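A single chain, nothing else alongside it, follows as structure tokens in the form deposited in one PDB entry.
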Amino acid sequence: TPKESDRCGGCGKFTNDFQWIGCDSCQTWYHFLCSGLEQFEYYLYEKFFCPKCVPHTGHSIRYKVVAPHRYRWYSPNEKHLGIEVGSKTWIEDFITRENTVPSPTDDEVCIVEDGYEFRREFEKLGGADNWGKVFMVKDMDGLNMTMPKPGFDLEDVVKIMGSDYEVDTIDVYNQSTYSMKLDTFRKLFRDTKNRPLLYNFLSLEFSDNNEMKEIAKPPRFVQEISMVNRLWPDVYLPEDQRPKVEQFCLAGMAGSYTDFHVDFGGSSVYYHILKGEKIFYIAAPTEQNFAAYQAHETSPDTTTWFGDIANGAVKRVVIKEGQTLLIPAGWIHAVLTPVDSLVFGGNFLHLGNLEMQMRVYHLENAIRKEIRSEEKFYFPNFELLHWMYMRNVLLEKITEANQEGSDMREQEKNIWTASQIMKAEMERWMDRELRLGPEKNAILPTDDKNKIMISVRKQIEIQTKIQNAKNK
């Protein structure tokens, strides 16, 4: 392979993007990033012909599929090993037995005819402050959720986003994530008979695209409770700090499988199925389920489906075209996409699930500490967002109540209880940071954090005395 003296034929600079591949014809060497290859192709070709050579050599030659039941499907050294979850072989089998996973109880999932029935049922169960079960809504009428007119599809997405827009795409059989241009995904998607590999994107975030951001929006009730929306309203606080996760477009090939996970930061999500179908395998956020999921995530084993060792916790919910799925914090889920699909969805945090949010946060942190793969990613600016919400929103409310001599439990009890819960988690962050220094990714200076905490402590103490002053 490449020695000190050879030139990248792309950038002409000398000695994964920045690893090397050589053209089997030219013999010239390239940085992967300079080779003309997209990231999802880096590992695909056994014989690589660079773009200067293709006109006379024909296309690069891919590795032969030798181990369809392994992530490393190109490795003869793995033919003998066990079938890995998510591999082509595993999925083709799972499809035949998946409909035998039990349906969920009425306590776990509520199916309703439309948004009006959703609103009734939601409120009957306590509203957002008490949101604890999954909802599937058959018709979006009444959800007050802006979605594109049916028929709308990938073609229109690439038209709006642009052909060269990069999307983080799951190589399903390899169970790994690589960037791929939207137009490239479009090309592979529209080729229905030739699918050596399956692709699935989950994270095309379009909230900063002026055209798209108007086409597809969260249900109004989500906008009303989203903590990010409260802090960075429709448009103080830098735009480049906003967690950008509330407007995602998702598209997947038939057969695609996403393995069990809890959404990052313990966020809640909505999904509207514009085209196709999704099947969710879900388990409720109990302490026992978390522990079992934690064990599963930290195990080196790749052959056991979580559903099979979850003591019957995993349930099956089908969501078909035109239907909408709403999941609160902490639900453990895997997803199969049985048919080519186009989906709009998004993640959000809200005060009503604050406790569960922090529990998922602790789980995440526990898992992180034990496995060496930060390729999993977590809620962007999670901690920062809380410092800002405490300071700009919660502290403000407590202070105003204190100046008015008001007992918050009367008209603002939820604000008061959320503050206490948020504060206790933030005391823990503060201590950690005074003990170990800032995080790698810390925007707020240690000192600014301390000023906020000093002020929070004080107003909490003042409100507590106001509440006690009614004692006799």
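One rule holds for the numbers: they count along the sequence shown, beginning at 1. Rigid core here is just the name for the largest C-alpha set that superposes within 1.5 Å across the two forms.
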**Study point:** Count class of coordinate-free deposited residues lying between the neighbours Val235 and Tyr236
**Key:** 10 or more
Review point. How many residues sit between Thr15 and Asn16 in the deposited sequence but have no coordinates: none, 1 to 3, 4 to 9, or 10 or more?
Key: 10 or more
Point to revise | Higher-scoring stretch by recorded Cα B factor average, 435-443 or 22-30 | key: 435-443
Check your understanding: If you average the CA temperature factors over each stretch, which comes out higher, 377-385 or 187-195?
Key -> 187-195
**Study point:** Of the residues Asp168, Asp263, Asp153, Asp114, the one carrying the largest Cα B-factor as recorded
**Key:** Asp153
Review point. So among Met408, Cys50, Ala418, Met430, who wins on Cα B-factor in the entry?
Key: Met430
Study note, to complete from the structure: So, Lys397's CA B-factor, relative to its chain, sits in which third? The middle
Point to revise | Third of chain Cα B-factors occupied by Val66 | key: highest
**Study point:** Where the record places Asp308 (Cα B-factor, split into thirds across the chain)
**Key:** highest
Practice item. Report the third (lowest, middle or highest) to which the CA temperature factor of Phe221 belongs, ranking only the modelled residues of the same chain. Key: lowest
Exercise for review: Consider only the C-alpha atoms of the modelled residues in this chain, order them by B-factor as the entry records it, and name the third containing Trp73: lowest, middle or highest.
Suggested key: middle
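Quick note: we don't show the form deposited with a partner chain bound, though the next part is all about it.
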Check your understanding: Taking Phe94, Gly312 and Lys315 as the candidate spot, are all three within 4.5 angstroms of the partner chain in the bound PDB entry by heavy atoms?
Key -> no
Check your understanding: Heavy atoms within 4.5 Å of the partner chain in the bound PDB entry: which of the stretches 354-362, 107-115, 374-382, 121-129 has them?
Key -> 374-382
Check your understanding: Can you pick the one in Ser406, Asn414, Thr57, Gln39 that has a heavy atom within 4.5 Å of the partner chain in the bound PDB entry?
Key -> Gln39
**Study point:** Interface residue in the bound PDB entry among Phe152, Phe290, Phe189, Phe264, criterion: non-hydrogen atom within 4.5 angstroms of the partner chain
**Key:** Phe264
Point to revise | Heavy atom of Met253 within 4.5 Å of the partner chain in the bound PDB entry | key: no
**Study point:** Close approach of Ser226 to the partner chain in the bound PDB entry, 4.5 Å, heavy atom
**Key:** no
Check your understanding: Is there a heavy atom of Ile160 lying 4.5 Å or less from a heavy atom of the partner chain in the bound PDB entry?
Key -> no
**Study point:** Interface membership of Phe248, the partner chain in the bound PDB entry, 4.5 Å heavy atom rule
**Key:** yes
Revision key, fill the gap. After rigid core alignment between the shown form and the other one, the listed option with CA shift of 2 Å or more out of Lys124, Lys159, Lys376, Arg97 is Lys376
Check your understanding: Looking in the bound PDB entry, are the Cα atoms of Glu246 and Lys376 closer together or farther apart than here, the change being 3 Å or more?
Key -> closer
Exercise for review: Quick one: in the bound PDB entry, is the Cα gap between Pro196 and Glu375 smaller or bigger than here? Answer closer or farther; it shifts by 3 Å or more.
Suggested key: farther
